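Shown here is one chain on its own, the form deposited in one PDB entry, set out as structure tokens.
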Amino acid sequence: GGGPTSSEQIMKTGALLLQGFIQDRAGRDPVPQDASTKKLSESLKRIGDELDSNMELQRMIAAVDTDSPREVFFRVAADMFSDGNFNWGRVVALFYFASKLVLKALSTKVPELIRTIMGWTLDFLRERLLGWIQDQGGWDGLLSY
């Protein structure tokens, strides 16, 4: 029981294909795939690779205010299929956008991480190191050392 047309396989294979695809676009761990899934993956990388060369698209993905990457995703996903049509090309392009969204999200999430870690370091500095730093006449002490 449970072949390709079942919702279970669709979600399972879908998850493996998307995860594999995203990790694949992030090159510029891996994922476990049986033979046919691997075949599907090649039939996705080709399209991903072509889309990577669409310079205009890249600029517009870069320009998106991603204060809310989730809103962005669903607005794009909704607008894409709003005419009521489907084909594999659209599904793949949607998968392409998701992988790009990951890369974009880091580009917004990562400054945040630095500020946070900086927060800890400077908190510690103010409370634990500053007295000693003042005794050196501040950071000008380090030029000498």
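Position 1 is the first residue in the sequence shown; the rest follow in order.
Please check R28 against the other PDB entries of this protein that were compared: is it missing in at least a third of those that model both its neighbours? That residue is missing from at least a third of the other compared entries.
Between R28 and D29, count the deposited residues left without coordinates and pick a bin: none, 1 to 3, 4 to 9, 10 or more. 10 or more residues lack coordinates between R28 and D29.
Averaging CA B factors per stretch from the PDB record, which one is higher: 83-91 or 50-58? Comparing 83-91 with 50-58, the higher average CA B-factor belongs to 50-58.
On average, which has the higher Cα B-factor in the deposited entry, 6-14 or 19-27? The stretch with the larger mean CA B-factor is 19-27.
By the entry's C-alpha temperature factors, tell me which of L103, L40, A77, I117 sits highest. Checking the PDB record, the top C-alpha B-factor among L103, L40, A77, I117 is at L103.
Within this chain, which third does the Cα B-factor at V110 fall in: lowest, middle or highest? It belongs to the middle third of the chain when residues are ordered by C-alpha B-factor.
There is another form of this protein, the form deposited in another entry, and it is not shown here; the text below is about that form.
Report yes or no: are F86 and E112 in the same rigid part between the shown form and the other one? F86 and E112 are in different rigid parts, judged by which superposition fits each C-alpha better.
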